[PDB]
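One chain comes next, on its own, written out as structure tokens in the form solved without the named molecule.
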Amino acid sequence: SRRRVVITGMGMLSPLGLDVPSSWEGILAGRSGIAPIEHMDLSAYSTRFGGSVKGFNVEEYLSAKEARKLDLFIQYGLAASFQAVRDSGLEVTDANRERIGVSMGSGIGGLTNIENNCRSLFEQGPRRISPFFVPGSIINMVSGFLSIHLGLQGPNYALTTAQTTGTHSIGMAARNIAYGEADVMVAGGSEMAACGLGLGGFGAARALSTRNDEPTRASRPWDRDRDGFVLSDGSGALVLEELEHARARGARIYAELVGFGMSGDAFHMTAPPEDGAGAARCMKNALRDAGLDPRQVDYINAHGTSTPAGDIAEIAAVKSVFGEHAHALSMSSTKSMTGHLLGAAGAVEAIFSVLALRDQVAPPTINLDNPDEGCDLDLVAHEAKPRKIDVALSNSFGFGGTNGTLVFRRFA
């Protein structure tokens, strides 16, 4: 058999706020974190808006000197991680530090740092490149720096599965604990790809909403007028903990992580299949892993990116998995408010899933003014819906047809 895993701490930076409760408050009020991107010339760019972290103060976490060495994505991952560990009340000791690990990932990593060091290289040649360029930019440095700052000697790694990173990070952290390689893991993701290369790179694939006139309306998952996703920055981190370890120290337990599913579509590099066959296999994998019948699922935090093919695949996938229960469950995209945090999306959305369980409320899908063809499910258009939620799914479906599903259950 296998050990049970609970959530005892959460941390977040999002376009809605600099912590979980500020973020969760924006989510339940249907507020948008989307705005024109500042202190950056986007003249030559078809998309000029996104979900920025507003007012981030890294010196609450790090000295100026240590922050100068670290890409914004690492800073964001450290901020959420430190919030999550503080939130958990866990005490690291010589007795337990070998049993505490980290799996904080990113989809794209240090584009901003790569951009500024490129500028240096092209203008002045190699000797102006920072000595901290490599360790200040590579995706495993959130796990590296967190482990060094807190003395964590457990499993130390980083996932990078594009828009699935946060979901896979949390799921595989849960496995480490369940199968006895760790008693505690800090897991989630962080992203800051709102530089030229991010807006440029996604802009050149014409993957992005170009609704520059109304940035807050850009992200409209399942609405007939959606025109691609909104690029957003931030981080989410969860403290995952074995149940007996959490009980022994009197931890506050938000919820239980009961299920993790993975699948590959094996279909296309960036587009999901129209029937969502891959997202369906993955959800079924996640429910089987949790020993749950589809009928027991109450709430789904959808991937719901506001891409035309993505949104419609997820409706197909849900009807396929859930049959006669597909309308009774509530499903919303919090990306309607946050935008797409890419590798961080699954981290912040796992937190919103855990808070849907705590507060017995489905977050809205805002901007769902005119449901598309077949988009007839309970998508919680416009405003939050209080309701019974015992079981909550969080889905992530990313580039390369990589799929993740987390199952959370109320704990008592």
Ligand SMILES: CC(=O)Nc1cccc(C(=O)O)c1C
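Just count from 1 along the sequence shown to find any residue number.
Keep in mind that the form deposited with the named molecule bound is not shown, yet the notes after this line are about it.
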Answer key, the named molecule contact in the deposited bound form at 4.5 Å (heavy atoms) among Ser143, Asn301, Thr305, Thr338: the residue is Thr305
* **Exercise: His327 in contact with the named molecule in the deposited bound form, heavy atom 4.5 Å** => no
Hey, in the deposited bound form, is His268 touching the named molecule, heavy atoms inside 4.5 Å? yes
At 4.5 Å between heavy atoms, is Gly310 in contact with the named molecule in the deposited bound form? yes
Decide whether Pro15 counts as a contact residue for the named molecule in the deposited bound form under a heavy atom distance cut-off of 4.5 Å. no
Near the named molecule in the deposited bound form, with a heavy atom at 4.5 Å or closer, the residues from 386 to 412 are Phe397, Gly398, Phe399, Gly401
